[PDB]
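Presented below is the structure to which this report refers.
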Amino acid sequence: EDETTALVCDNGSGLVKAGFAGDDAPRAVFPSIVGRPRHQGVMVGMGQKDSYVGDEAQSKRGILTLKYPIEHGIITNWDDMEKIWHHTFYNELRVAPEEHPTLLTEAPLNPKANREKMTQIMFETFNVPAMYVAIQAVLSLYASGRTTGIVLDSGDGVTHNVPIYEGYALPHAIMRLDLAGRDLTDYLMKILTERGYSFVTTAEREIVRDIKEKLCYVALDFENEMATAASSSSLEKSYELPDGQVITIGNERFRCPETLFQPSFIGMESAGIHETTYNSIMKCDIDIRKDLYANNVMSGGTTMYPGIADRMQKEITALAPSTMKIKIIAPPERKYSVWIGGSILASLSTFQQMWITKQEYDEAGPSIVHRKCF
Amino acid sequence: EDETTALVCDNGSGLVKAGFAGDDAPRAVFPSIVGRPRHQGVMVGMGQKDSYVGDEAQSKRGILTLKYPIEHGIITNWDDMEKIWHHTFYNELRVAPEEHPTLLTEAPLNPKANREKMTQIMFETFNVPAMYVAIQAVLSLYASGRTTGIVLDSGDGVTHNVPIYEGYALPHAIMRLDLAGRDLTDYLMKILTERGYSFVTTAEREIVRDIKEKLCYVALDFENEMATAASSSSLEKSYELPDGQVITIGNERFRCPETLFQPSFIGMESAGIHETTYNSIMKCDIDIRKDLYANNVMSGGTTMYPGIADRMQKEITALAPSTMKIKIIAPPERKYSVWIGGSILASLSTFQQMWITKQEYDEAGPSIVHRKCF
Amino acid sequence: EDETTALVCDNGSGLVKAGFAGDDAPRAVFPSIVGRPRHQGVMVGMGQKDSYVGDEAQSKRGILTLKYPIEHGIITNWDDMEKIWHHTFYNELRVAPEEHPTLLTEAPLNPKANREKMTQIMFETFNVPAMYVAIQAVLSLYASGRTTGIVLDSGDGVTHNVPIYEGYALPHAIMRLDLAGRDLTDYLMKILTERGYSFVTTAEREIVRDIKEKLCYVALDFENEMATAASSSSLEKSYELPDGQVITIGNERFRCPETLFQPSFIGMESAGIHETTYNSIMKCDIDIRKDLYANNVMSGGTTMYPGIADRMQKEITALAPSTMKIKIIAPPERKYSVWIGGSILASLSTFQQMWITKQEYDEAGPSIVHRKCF
Amino acid sequence: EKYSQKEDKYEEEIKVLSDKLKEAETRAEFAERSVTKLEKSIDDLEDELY
Amino acid sequence: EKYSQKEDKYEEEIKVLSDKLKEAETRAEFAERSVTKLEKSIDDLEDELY
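Chains as they are written, first to last, in this note's numbering: chain A, 10 to 383; chain B, 10 to 383; chain C, 10 to 383; chain D, 32 to 81; chain E, 32 to 81.
Below, the structure written as structure tokens:
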């Protein structure tokens, strides 16, 4: 065949998004979890199966202890990551990696060891002709079809912010902020406890993740919505657990995403996500700032909450000069924007010479990641 | 076609003014800047484009470091000048230089190497039938339509002064003074710092150039205007940055052009521009001085400030004999006076025999510039 | 008593250095930090104490958010500066300012508002008979006992450069460069992240400040030392955190001070500190340059790194004419050179008439700072 | 602990001699490089005087 | 015992660093004599060249 296709995988924490390069959507999207039978089984003709990977672990949740292998964009456990990639290629996509070049995404300001060990596994585990590791935020920018913007990337791993102008990139102005979907989940199960609902274990920690994926929203003013929580009507929502227990969540619902704009609630000094965007834009040159204000791109899974775009717009407009208009461009489909940006990149004809070849790795070693790529 | 037209380029520092000879205004006027991508770009399908030239560099300012290739009438970097001329001919005018004789302007008391290397490039880079290098001040005098005057030429490159009488010219009485638009810009960004506004980089150095191109004016008395700066009302002006930041500049505004009349502010001993004009007129013969006092011509871009003509008139009248009347003739349009003087010169029928031919260069070499022309 | 003693305070950013004039060393040196209880306390019989000032804040770091009140030689917050001076006088020195004239240092090319508001506080907060505000670089020159030199002043606030000849001073040749100890700290915590160590908050930002105060050094050639970082042996150093966590820093150590000589690493165009020294010396008159090359004085806290003097010597000797010998005089004790220069100045008998009196302020207002003093 | 204190005294002296060695090596390397600059500038003077 | 051995390992690091420092300092001071000899020869060659 011509061009050989190519393969693209996004592994921020929480979800593997994977598929062929040259398509508009990934074939396989599943949770990045390795769930191990904690309870010793007593039957004959079970499994045994040392561990379960992917949405198999979601189905068989109650037995398992679940371990996310990626925390804060950092792989904690390498064998668990290899198992997840083994699951992507053989269980879903049914590809031999020898037949495809593979793009990986990776997060900004990330330890060198993750990029270098990630390449070491791609060559010396799944034999592969070529690969690339690319920055998450630039891929979302490509997916949005814009040449310029400040990309606010927040996954389940960590929050990142990369300003770009006309292509280029500003290394000093790149900001990484330790907040995530996962930290909002840990805050959320903590704020359910005051209501009497106690979720203590990894299995129902993913149940509050599912709650937060739909019920939670961001206030267009926090204090105003917290004041109208005195007359509870629309702010309460009934939620059904898989147990058949019913949960009723009021003001507790919208103050969980409020943590992004008030990290004093989590107990971290690190500024809210709108001030981090100001911190990135202020580090940029005076000239370009006009379009960075007007071309803010949201990406990732934890920018999905209803009303985030409006809240960021009101806060950035309030802080900034009202001399210029602050447009925020946050697409629906923004969850998959990194994978789509990886699809478009590996489909680019020129990019087919910028691959890290297997040959170039075999001569010059794993350290060449940083030398060739950003 | 008859006469073949001709081409005219003014390159003092800061601006290329270029167009056809035989027209009242140049087609193309743009900043003489070569701006290089300092920040490594990370996308695919950018440019690449090693450098940007002209007002392209003004548009994409924040990425670029900008290098003026001409300093003090001296070309610092030759490849950068060749790139600027390549941009004039192909990007704007769309001419083959083989089809046109080309006039260049050049500044008085200027190193021989600039004239000789300038001719060497015109023949052996853009193949051209003929060329001429001419003095800036005489061209402005032609543009003003006068046969006699003392031409005060101040561009962004350097300040020059050439007395002329009935045509002729006085080599000993020619004065060159190292002050410019650019030195006023460096003074200006230094005097903004006491107000808290700090402009540290080449990109916003051209933002204070734009400020100074409109906000700045010259005091009809410096001390009187500095005294009325105690009651700030009209002397402050709000200025909008491209960032959306607002700048408010009071007495700082008019004391920037004051440097022309007080080079003790810049720290140079070299006399103010009115005493340099006296220094030129005093070196002239006694007989002609009467009309040189009454026929002072201002030219160039840094004589554009409001109230310069009035201040020069008051100071020269104060120093000189009040026995004779000191008229200063400073036209609006004085910015383009050198280019218009080059347009009129190449349109002159007799001048069409005084061209340096390509043939005469090929026989007698680059050194013939000084031998044929002034 | 005779002469009344006098008081001297250096407030560049980062450290208050204070003591009596007429002594060789300051009594009190402490960090210029106002640290506020961010976490609400729950006990009875605490404090309360709205905020902590000085090395009290260093001791109780983890609770506090720390705010430097001076950034880039500019006081951001005035009440916080007043609190710091209240701490110097009452907590350490135990003086009534009514009984002593007070010298303040201040940085070159600094906003007028800092000098004028600084005097306004000294008269109308701590009632004082007299005061002076003086330039940092001239005081270090006095402390070094030399009449001539180019003083490279770099604190935690900003970097400054003042050439002096036989006393005198050159206003046009004074250069201010926005680099500091603090910007090296922000670069350093950014370059630790690639190793996996993530310091996200103000409290451990001062832990990387402590690391950089001893571990960091400047390469006598950057590329050579970065090449020998392939065989890691002496370039790694174990560092102990107050947590009991161990940090191991290799090539990352010496490329943090390298930023002074390569501001492309921070992303600023503004030239390295050796080219800024050339920029200052080139703006000076031709005659004096011979001794300015041979009498470069380093001052401030961020000239303390091992090997800075040797690197500056090699680079300035490489750029300059090797016709003349480039001696750099960088004393140990160079950290306190500004305070010692203030001690010697207020001990000078003639200087006791050049004080800004309280009386002269009461008649002629706060604006008289610039009128009397440099 | 008397060993740990000797290990600390040595570690202080190891830092002093490792730093003194890195400084003496910076001096040895400075002298090698200064010698190399003056190997070049001797040869330039040898060739220029020649 | 491991701390006695570390007393020796650290003492050995001091001894090795003392020997390496003596070499780095002796080589630096010798190479500094090569600096001063090359430099003096360069000045003498410049006086001759002049």
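All C-beta atoms, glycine included, are put in the ideal place defined by N, C-alpha and C.
Three-way DSSP call (helix, strand, coil) for residue i in this model
i: A:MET277; result: coil
i: C:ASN170; result: strand
i: B:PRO272; result: coil
i: A:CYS265; result: helix
i: A:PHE29; result: strand
i: A:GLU245; result: coil
i: C:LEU186; result: strand
i: C:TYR141; result: strand
i: B:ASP192; result: helix
i: A:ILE42; result: coil
i: B:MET307; result: strand
i: A:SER163; result: strand
i: C:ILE335; result: coil
i: A:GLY350; result: helix
i: A:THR257; result: strand
i: B:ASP64; result: helix
i: C:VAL17; result: strand
Residue-level contact to chain B via CB, residue i, 7 Å cutoff
i: C:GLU284; result: no
i: A:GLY23; result: no
i: A:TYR248; result: no
i: A:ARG218; result: no
Within chain C, partners of residue i - CB distance below 8 Å
i: A:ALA116; result: Here the premise fails: no neighbours, minimum Cβ distance about 11 Å.
Chain-ordered neighbours of residue i on chain A, where CB pairs are closer than 8 Å
i: B:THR202; result: Within chain A, no residue comes near B:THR202; the closest Cβ sits about 15 Å away, beyond 8 Å.
Cβ of residue i within 7 Å of any chain E Cβ
i: D:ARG64; result: no
i: D:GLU56; result: yes
i: residue 9 of chain D; result: Absent from the model: residue 9 of chain D. The displayed extent of chain D is 32 to 81, so no value can be given.
i: D:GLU43; result: no
Assigned exposure category for residue i - 16 Cβ within 10 Å defines buried
i: A:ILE183; result: buried
i: C:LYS58; result: exposed
i: C:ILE295; result: exposed
i: C:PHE39; result: buried
i: A:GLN145; result: buried
i: B:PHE383; result: exposed
i: C:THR311; result: buried
i: A:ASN100; result: exposed
Partner residues on chain B for residue i, Cβ-Cβ distance less than 9 Å
i: C:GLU278; result: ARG47, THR74, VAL209, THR210, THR211 and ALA212
CB contact below 7 Å: residue i versus chain D
i: C:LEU244; result: no
i: C:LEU229; result: yes
i: E:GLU79; result: yes
i: E:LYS71; result: no
i: E:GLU38; result: yes
From the options, residue whose alpha carbon lies closest to that of residue i
i: A:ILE79; options: A:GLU65, A:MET127 and A:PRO138; result: A:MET127
i: B:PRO110; options: B:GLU372, B:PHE383 and B:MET363; result: B:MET363
i: A:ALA105; options: A:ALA143, A:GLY316 and A:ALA15; result: A:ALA15
i: B:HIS95; options: B:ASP32, B:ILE42 and B:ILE83; result: B:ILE42
i: B:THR97; options: B:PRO35, B:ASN119, B:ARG155 and B:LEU73; result: B:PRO35
i: A:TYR77; options: A:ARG262, A:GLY71 and A:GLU215; result: A:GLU215
Contact list for residue i against chain C, beta-carbon separation under 7 Å
i: A:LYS344; result: None at all; the shortest Cβ gap to chain C is about 26 Å.
i: A:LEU179; result: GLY276
7 Å Cβ cutoff, residue i in contact with chain C
i: A:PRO120; result: yes
i: B:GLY63; result: no
Proximal residues of chain B, C-beta to C-beta of residue i below 7 Å
i: C:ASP192; result: Ordered by position in chain B, no residue passes the 7 Å Cβ test against C:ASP192, which lies about 12 Å from the chain.
Chain H contact for residue i (CB, 7 Å cutoff)
i: E:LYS46; result: Absent from the structure is chain H; the protein chains it does hold are A, B, C, D and E.
Cβ of residue i within 7 Å of any chain A Cβ
i: B:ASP252; result: yes
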